[PDB]
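A.B. asks: So I pulled this structure from the PDB, and the sequence comes with it:
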Amino acid sequence: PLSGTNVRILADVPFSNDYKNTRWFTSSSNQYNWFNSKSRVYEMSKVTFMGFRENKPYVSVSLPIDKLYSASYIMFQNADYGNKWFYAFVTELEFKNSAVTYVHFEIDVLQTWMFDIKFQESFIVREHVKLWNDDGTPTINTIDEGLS
Amino acid sequence: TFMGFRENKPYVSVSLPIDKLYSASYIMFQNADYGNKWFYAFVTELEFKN
Amino acid sequence: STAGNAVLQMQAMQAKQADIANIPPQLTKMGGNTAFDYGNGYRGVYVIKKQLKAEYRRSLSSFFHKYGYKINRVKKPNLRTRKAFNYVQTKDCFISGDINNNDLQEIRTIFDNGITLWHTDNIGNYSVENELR
Amino acid sequence: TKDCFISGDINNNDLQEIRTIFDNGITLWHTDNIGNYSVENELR
């Protein structure tokens, strides 16, 4: 995403590029409010992303590698998608000089497009099902787990 | 004039910035030499020139 | 990540662990006492129609609906039989026509890998009936 | 372990590596005589 507005670099975001775990939200607002609640390491009102070439995309952050260790996440808006929030992983730190630092990123296809996806009928290997009926009687699940 | 000159990756030169081409999914075009046949192609990837 | 091996793994995860015998282990004890049988009204032949549990019907029906039946015969494939979609997977398929052998060779692999062919613009909506015609 | 979960205040890259370490199996020593399996290795 060429340009960015209202940029914030975020710490304390637990999930990573593994996509084994993520935080699921109820509304576009709830999404933003959760992310809003973190301890803000860095802020900018406008940003020109300039990594655009080979692919590593990045940002130029004006604080040394020290104090920037806590960096975990980036959220930013764009002029063309209105007030849609873009969410991105902080993949890598790279050496610039010793007073301003390069903070590179990876757009989170889950968090970003989260409410923009529609899930259709699909074969599902595992999921969490309803366990108990109203009566207190167990729901019927007989699929052979194949477990001792 | 298509210029994906290397055998294995062809492209077109589009005179509008990369940010605006995310929605791009597909390409259809005719050729003067094959009459009114329509050619259909996936938009595999976007690459930044300027 | 082809559609074919995707289905194969799906076949593997719901793989038939055992057949349902339907031979009562108490068959042996049923006769012998005529006074018992005719007293409780056991007489003549009974036709007992059995069908799989509802849970597994849903499961198998849903599967069959999306990816059709197992066929294992050589013929020309049903490409437009249903109203909505047709799943088609082939093995060493033969497709001819006036096309450069490079492209033609790619199309063959496409059907060899499995593909769903849609006939309605609502692509991915598997909730339809998808009947014939 | 298998698909283990390890949290804490560590960059998710390193944390992801530690998870794999225990997912791959490891022996954790408590005495300086490392590799000496001849001991009793009882509880406590």
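C.D. replies: The structure has been received and is ready for your questions. Numbers count the residues shown, from 1 in each chain, chains lettered A, B, ... in the order given.
A.B. asks: Show the contacting residues for the residue of chain A found nearest chain D.
C.D. replies: Distance from chain D to each residue of chain A (C-beta to the nearest C-beta) is smallest for residue A:16, at 3.6 Å. Heads up, the C-betas are built off the backbone N, CA and C, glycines and all. Taking C-beta atoms under 8 Å, 6 or more residues apart in numbering or on different chains as the contact definition, residue A:16 lies against A:89, D:12, D:13, D:15, D:16.
A.B. asks: ok, how many other residues are close to residue 116?
C.D. replies: Answering for chain A, as no chain was given. Neighbour count of residue A:116, defined by other C-beta atoms under 10 Å in any protein chain shown: 8.
A.B. asks: Hmm, no, I was thinking of chain C.
C.D. replies: Residue C:116 - counted by other C-beta under 10 Å - has 17 other residues nearby.
A.B. asks: What helices and strands are in contact with the helix or strand it falls within?
C.D. replies: Assigned by DSSP states H and E, residue C:116 falls within strand C:115-118. Secondary-structure packing of strand C:115-118 (3 or more C-beta pairs under 8 Å, 6 or more residues apart in numbering or on different chains; DSSP states H and E): strand C:85-88.
A.B. asks: helices and strands around the strand it packs on, which ones?
C.D. replies: Against strand C:85-88 (3+ C-beta pairs under 8 Å, 6+ apart) you get strand C:115-118.
A.B. asks: Show me what the strand it packs on pairs with in its sheet, parallel or antiparallel.
C.D. replies: Sheet pairing of strand C:115-118 (DSSP bridges) gives strand C:85-88 (antiparallel).
A.B. asks: does any bit of stretch C:20-28 sit next to chain A?
C.D. replies: No: residues of stretch C:20-28 contacting chain A under C-beta under 8 Å from any C-beta of the partner chain: none, with a closest distance of 12.4 Å.
A.B. asks: pretty sure residue C:87 is in contact with residue C:116, am I right?
C.D. replies: Yes: if you go by C-beta atoms under 8 Å, residue C:87 and residue C:116 touch, sitting 5.1 Å apart.
A.B. asks: list the contacts for residue 111?
C.D. replies: Assuming you mean chain A. Going by C-beta under 8 Å, 6+ apart, residue A:111 touches A:22, A:31, A:87.
A.B. asks: actually it's chain C I care about, not the one you picked
C.D. replies: Shown in contact with residue C:111 (C-beta under 8 Å, 6+ apart): C:77, C:88, C:89, C:90, C:93, C:95.
A.B. asks: Which residue, neighbours along the chain excluded, lies closest to it?
C.D. replies: residue C:90 (4.6 Å; C-beta to C-beta, 6 or more residues apart in numbering or on different chains).
A.B. asks: Secondary structure class of the residue of chain C positioned farthest from its centre, three-state.
C.D. replies: The centre of chain C is farthest from one residue, residue C:35, which by C-alpha atoms, centre = their mean lies 47.4 Å away. Three-state assignment for residue C:35 (DSSP: H, G, I helix; E, B strand; the rest coil): helix.
A.B. asks: Quick check: it vs chain D, distance?
C.D. replies: 62 Å (C-beta to the nearest C-beta, to the nearest Å).
A.B. asks: distance of that residue from chain A?
C.D. replies: Applying C-beta to the nearest C-beta, the value for residue C:35 to chain A is 40 Å.
A.B. asks: Show me the contacts of residue A:111 that map onto helices.
C.D. replies: In helices, defined here by DSSP state H, the members of those are residue A:31.
A.B. asks: Any of the contacts of residue A:111 buried? List them.
C.D. replies: A:31, A:87 (16 or more other C-beta atoms under 10 Å in any protein chain shown).
A.B. asks: Of the contacts of residue A:111, which ones also sit close to chain C?
C.D. replies: Counting by C-beta under 8 Å from any C-beta, no member of the contacts of residue A:111 reaches chain C.
A.B. asks: ok, of the contacts of residue A:111, which one's closest to residue A:4?
C.D. replies: Nearest to residue A:4 among these is residue A:87, at 12.0 Å by C-beta to C-beta.
A.B. asks: I'd say that closest one and residue A:105 touch.
C.D. replies: No: with contact defined as C-beta under 8 Å, residue A:87 does not count as touching residue A:105 (9.6 Å).
A.B. asks: Common neighbours of the two, please.
C.D. replies: Counting by C-beta under 8 Å, 6+ apart, the contacts common to residue A:87 and residue A:105 are residue A:74.
A.B. asks: what secondary structure does residue A:7 sit in?
C.D. replies: strand.
A.B. asks: Please name the residues that touch it.
C.D. replies: Applying C-beta under 8 Å, 6+ apart, the residues near residue A:7 are A:43, A:44, A:45, A:46, A:47, A:59, A:74, A:75, A:76, A:77.
A.B. asks: One more pass at 10 Å, please.
C.D. replies: Contact analysis of residue A:7 by C-beta atoms under 10 Å, 6 or more residues apart in numbering or on different chains lists A:42-47, A:49, A:59, A:61, A:74-77, A:86.
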